[PDB]
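Let me begin by presenting the structure, written as structure tokens, before commenting on it.
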Number of protein chains: 4
Amino acid sequence: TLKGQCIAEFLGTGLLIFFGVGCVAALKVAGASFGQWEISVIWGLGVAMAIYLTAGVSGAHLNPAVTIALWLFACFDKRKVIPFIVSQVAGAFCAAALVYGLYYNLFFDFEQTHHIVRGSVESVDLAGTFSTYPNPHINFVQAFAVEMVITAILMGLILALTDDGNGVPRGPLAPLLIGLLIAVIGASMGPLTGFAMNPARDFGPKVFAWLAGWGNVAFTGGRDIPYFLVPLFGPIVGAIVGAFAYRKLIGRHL
Amino acid sequence: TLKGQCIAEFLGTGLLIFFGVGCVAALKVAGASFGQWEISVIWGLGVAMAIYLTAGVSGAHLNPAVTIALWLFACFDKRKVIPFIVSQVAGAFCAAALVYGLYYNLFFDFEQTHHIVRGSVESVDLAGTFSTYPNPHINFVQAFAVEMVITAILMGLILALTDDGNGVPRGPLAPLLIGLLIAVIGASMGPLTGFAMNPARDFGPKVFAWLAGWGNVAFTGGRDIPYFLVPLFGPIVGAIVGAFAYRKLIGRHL
Amino acid sequence: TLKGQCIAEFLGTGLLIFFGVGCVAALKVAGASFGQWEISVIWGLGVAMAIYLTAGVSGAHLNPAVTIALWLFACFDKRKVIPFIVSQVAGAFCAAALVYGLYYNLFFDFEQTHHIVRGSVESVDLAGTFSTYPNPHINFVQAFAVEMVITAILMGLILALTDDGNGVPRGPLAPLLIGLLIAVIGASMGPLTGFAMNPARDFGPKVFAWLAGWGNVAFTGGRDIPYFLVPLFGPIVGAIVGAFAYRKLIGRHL
Amino acid sequence: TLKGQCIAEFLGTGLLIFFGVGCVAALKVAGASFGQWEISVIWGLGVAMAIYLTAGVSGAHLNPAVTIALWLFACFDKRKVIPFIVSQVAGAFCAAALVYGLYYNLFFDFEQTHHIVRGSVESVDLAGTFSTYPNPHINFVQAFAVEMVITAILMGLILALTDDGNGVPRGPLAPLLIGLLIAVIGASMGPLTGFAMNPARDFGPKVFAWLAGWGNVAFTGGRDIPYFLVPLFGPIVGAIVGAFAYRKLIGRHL
Ligand SMILES: CCCCCCCCO[C@@H]1O[C@H](CO)[C@@H](O)[C@H](O)[C@H]1O
Ligand SMILES: CCCCCCCCO[C@@H]1O[C@H](CO)[C@@H](O)[C@H](O)[C@H]1O
Ligand SMILES: CCCCCCCCO[C@@H]1O[C@H](CO)[C@@H](O)[C@H](O)[C@H]1O
Ligand SMILES: CCCCCCCCO[C@@H]1O[C@H](CO)[C@@H](O)[C@H](O)[C@H]1O
Ligand SMILES: CCCCCCCCO[C@@H]1O[C@H](CO)[C@@H](O)[C@H](O)[C@H]1O
Ligand SMILES: CCCCCCCCO[C@@H]1O[C@H](CO)[C@@H](O)[C@H](O)[C@H]1O
Ligand SMILES: CCCCCCCCO[C@@H]1O[C@H](CO)[C@@H](O)[C@H](O)[C@H]1O
Ligand SMILES: CCCCCCCCO[C@@H]1O[C@H](CO)[C@@H](O)[C@H](O)[C@H]1O
């Protein structure tokens, strides 16, 4: 039942953002030690749990990019596409609000101590707690390339790990492996654009940060071209490229 | 046989606290490098082993919050509720004493070096070695919200990961996954209240620290409202909310 | 079909180098915190994913040393040996180029800041981002011994973990375990020669670095005897020693 | 065949020490970043691989304490006890020599730089690279208690994780879990005595260090009572206590 699937997607995406934004809030305003890998493995495993929670019901897309790609290449009911995407974005939204709710004090005490004006260009660093931003040394197009490539790999391997005709089936191991995959993508490519590769994972929380006092920079990142467009469309394009790539170069030869 | 189940719960909870309090003693008085994630993964995996050890006998609750919730929502024998809870709290108690026994010297040598008066408000930091305390920037109610929310998630996902009607069954993977789940909750929400979410895990060891020279602050944490009430009731309320939430929003649609 | 297997090997090796060279680029020019173990576990797990992706098609050698050894001891079609090796080296090549493409800016901005002349003896450190080099305290022969021994162990355990007549079969766990194995070899022996143990993993990326401005030092490492010979032949010799060792000391007694 | 089992034990124990002593050599003389947990997880997983390699043949004791305990409580052929123990100690010996062989230069260059006289009381720190020593704040008896307790837990859980009548059988997961168990014991109790809990793991390598220039301190640790007695007998006593404890408190109720 579509209502029960939307609920699952809502919770799954929210669970996913709870752990992800959470560990990043601990790093930013709680002063917890975290390396590029640890942050990546936490996000990865968080997504793994999200999957174990909802796969049996919704099928666990938990990513607009994944939903659009499954529709175009895995015969996913198009009537289910928008309902899913609205659930995904809504859960990420609420989850971000929940993480902020619990860390509320640390955000303010940190900004006061370090004289950070929320909403200013310098507050993008803490805004990073919720959504992704581009590394200082790269521009809009370079950043678009990154999200595109990595999401392609994400989609491609998600299919590979779930393709029962490819090598020994993984069974209950599938979700976990999808987690570690996300982990390594986040550790190898993360420093460039924050390995968003999920429109819902980035837009929802960005909208939240926008309401919470970060204003326009939550969307622009303090740049000329509004950055939110990259985590929005880059993942979608790449998820399609990846899904196509698998069916052509690997599936076709199974 | 109830006596054999209580023994299992006693050992399981103790095993769990052995690893948990242990890695935190190494961090505090042994000077070992540990980040927020490592401390979390150790606790998580420690609980995973505890489960593998006792699941076959007691069913591995190892948490008063989990026992009360299983009683109210999983048809758990109420006659078994109190015997279990007393075993859980007793094992955590003894385990804490055991960890202190082995680290005895490091505690004293550390307090002498850093001129720390055990029992004083400043000794709460080392008391943290055994039980949980609230982050400096939050109060009693904020802290209650945290334990409540997270334990709800703990219970909810524990059911999800063990619900054989939800997606592919995890089989022998269940305990491990429950461990990583605990890991990510500890890494995303830990800095706020020490991710207690287990009345026995906190009260028992607090009682121990109280006897060992930490006195009243072991319970108060050096605050106006006695802090031990949060890890005591917050987890119980949340475990019920979580258990309810799963049966309603997910189980109902399986 | 050999064409589909070469494609799989190309992608597998490239996937493997994407994650590996990637996390090392983040460490070198992105300033991400990574310890010897984290770098090792990322490489390890990256190789694990590579396997899950191609095992069903090519058989997932993803290593010239492994291919030559399977030919000589596992009855691998010799007609398939060279096609495989050219695919492996080509994927590692392209993958390295891809990682450089995405990190392009960080490389230049880093070299400008730290006044590093690409191609100079001092730039070998960043060249390390792609291929392996010998620790300052050891020479050509010592370095050859290291790659030789470790690859022997790599091959030996790869066979052990996939030998269904050895203990309980691992099933879908095999790849993952091969990953952790690679992880521990990288953490225990890594600081000596960068745990290359894969001719394709080192030569391809070295050739890339050579074209990208590192010139001759990409091959020499800034030493008297051209270093590329060690990751080239050392792994091959060892993979044979390891494969032999297993069949003799372990397989023979199963 | 007993000869093939001794060979397996020899290699298994050696594999185990290769990874363990190796990561500790990287930490000491290679300057690699490693926290208490990482060192522990590497040892743990190293032992996990050792098991996967030999379980099918020898049964993978790889520990004199485990062999004596299996004999007394798991009906292990006593004729096989000494042959096993001599193999275990011999492999650990050779493995240590192998790790020193590969890290040879780093040991000398480090000692010269930091003006460390091998064999002196101050060189025990580097000797620690091979075997275990007691934390500065504890004595012989305190140290004996630690090894005793922890090995008991090691044995107890090894039985629990392999006891097919206890909860769902772990199957191919058993070795890995035994690894993480070792990991958490090393992270929670490691700083006290180096979590030896394996006579062969400590005596063999100590004998090696003794020959390599560390002399008498390799055995004494620079203390009044020769320290090697603790990792020698403490583990054996505890392994028996643990094995007994499981059969009584858990097995009896299955
Ligand atoms: C779940 C519904 C959440 C709705 C958005 C709540 C955002 C609360 O966030 C608040 O936003 C204010 C407006 O910028 C700021 O002034 C406050 O500092 C900030 O705490
Ligand atoms: C499902 C997601 C659909 C996103 C549609 C585009 C939303 C763009 O959002 C807009 O961005 C502007 C530029 O910074 C801001 O000025 C506006 O306040 C904001 O509403
Ligand atoms: C398993 C039974 C354990 C009973 C509690 C033992 C506590 C030992 O702890 C001791 O407590 C004393 C009283 O405050 C302090 O003076 C000592 O410093 C402390 O070591
Ligand atoms: C199963 C757990 C039941 C706990 C019941 C409440 C125990 C409260 O404990 C009490 O807290 C007081 C306040 O700091 C102290 O003054 C007392 O010494 C202490 O006994
Ligand atoms: C996939 C095909 C890739 C072909 C090699 C591209 C290498 C681009 O690398 C470029 O090499 C130049 C020559 O040294 C240097 O001057 C530039 O700094 C460097 O960016
Ligand atoms: C499949 C891999 C085959 C490798 C064959 C040897 C390639 C050696 O490569 C050569 O190394 C020389 C020494 O630095 C350089 O001067 C040359 O430019 C380079 O082409
Ligand atoms: C596998 C057989 C190994 C036998 C032991 C080899 C030990 C080599 O070790 C050597 O020992 C010498 C004697 O103390 C020292 O002088 C050297 O510094 C040391 O390198
Ligand atoms: C299977 C292991 C049996 C160990 C038997 C005891 C070996 C003790 O070893 C001895 O220790 C002495 C004290 O430091 C040294 O003086 C001797 O050189 C050394 O041989």
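We number chain D the way Swiss-Prot does; in order, the residues shown are 6-259.
According to its header, this structure was worked out by X-ray crystallography, 2.7 Å.
Placement of Cβ uses the backbone N, Cα and C atoms for every residue, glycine included.
Per Swiss-Prot, these features apply:
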{"type": "INTRAMEM", "residues": "D:64-67", "note": "intramembrane segment"}
{"type": "INTRAMEM", "residues": "D:68-78", "note": "intramembrane segment"}
{"type": "INTRAMEM", "residues": "D:199-202", "note": "intramembrane segment"}
{"type": "INTRAMEM", "residues": "D:203-216", "note": "intramembrane segment"}
{"type": "SITE", "residues": "D:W48", "note": "site 'Substrate discrimination'"}
{"type": "SITE", "residues": "D:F200", "note": "site 'Substrate discrimination'"}
{"type": "SITE", "residues": "D:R206", "note": "site 'Substrate discrimination'"}
{"type": "TOPO_DOM", "residues": "D:35-39", "note": "topological domain 'Periplasmic'"}
{"type": "TOPO_DOM", "residues": "D:79-84", "note": "topological domain 'Cytoplasmic'"}
{"type": "TOPO_DOM", "residues": "D:109-143", "note": "topological domain 'Periplasmic'"}
{"type": "TOPO_DOM", "residues": "D:170-177", "note": "topological domain 'Cytoplasmic'"}
{"type": "TOPO_DOM", "residues": "D:195-198", "note": "topological domain 'Periplasmic'"}
{"type": "TOPO_DOM", "residues": "D:217-231", "note": "topological domain 'Periplasmic'"}
{"type": "TRANSMEM", "residues": "D:6-34", "note": "transmembrane segment"}
{"type": "TRANSMEM", "residues": "D:40-60", "note": "transmembrane segment"}
{"type": "TRANSMEM", "residues": "D:85-108", "note": "transmembrane segment"}
{"type": "TRANSMEM", "residues": "D:144-169", "note": "transmembrane segment"}
{"type": "TRANSMEM", "residues": "D:178-194", "note": "transmembrane segment"}
{"type": "TRANSMEM", "residues": "D:232-254", "note": "transmembrane segment"}
Among the recorded stretches D:6-34, D:85-108, D:144-169, which has the greatest number of Cβ pairs closer than 8 Å to the transmembrane segment (D:178-194)?
-> D:144-169
D:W48 (site 'Substrate discrimination') and D:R206 (site 'Substrate discrimination'), compared by Cα position, are separated in whole Å by 11
Sorted by position, what residues of the same chain at least six away from D:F200 (site 'Substrate discrimination') have a C-beta under 8 A from it?
-> D:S45, D:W48, D:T137, D:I155, D:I187, D:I190, D:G191, D:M194
Relative to the transmembrane segment (D:144-169), the stretch among D:6-34, D:40-60, D:232-254 with the most Cβ pairs under 8 Å is D:232-254
Folded-back contacts onto the intramembrane segment (D:68-78), same chain, C-beta under 8 angstroms, at least six residues removed = 18, 85-86, 89-90, 93-94, 156, 160, 163, 202-206, 240-241, 243-245, 247-249, 252
Could you tell me which of these recorded sites, D:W48, D:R206, has the greatest number of Cβ atoms within 10 Å of its own Cβ?
-> D:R206
May I ask which of the recorded sites D:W48, D:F200, D:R206 have a CB within less than 6 Å of any atom of ligand 4, listed in sequence order?
-> none
What is the three-state DSSP composition of the topological domain 'Cytoplasmic' (D:170-177), stated as helix, strand and coil residue counts?
-> 2 helix, 0 strand, 6 coil
Near the topological domain 'Periplasmic' (D:217-231) in space but 6 or more residues beyond its ends, with Cβ under 8 Å, are 105, 123-126, 128-129, 131-132, 135-136, 138-139, 145, 211
For the topological domain 'Cytoplasmic' (D:170-177), sequence-distant contacts whose Cβ falls under 8 Å of one of its Cβ atoms, 6 or more beyond its ends = 255-256, 259
Sequence-remote partners of the topological domain 'Periplasmic' (D:109-143) [C-beta within less than 8 Å, at least six residues beyond its ends] | 26, 29-30, 33-35, 101, 151, 196-201, 206-208, 210-211, 213-214, 217-223, 226-228, 232-233, 235-236
Positions on the same chain near the topological domain 'Periplasmic' (D:195-198), where near means CB under 8 A and six or more residues out = 41, 44-45, 137-140, 143, 148, 151-152, 235-236
Remote residues contacting the topological domain 'Cytoplasmic' (D:79-84) - C-beta distance under 8 A, at least 6 residues beyond either end | 72, 164, 248
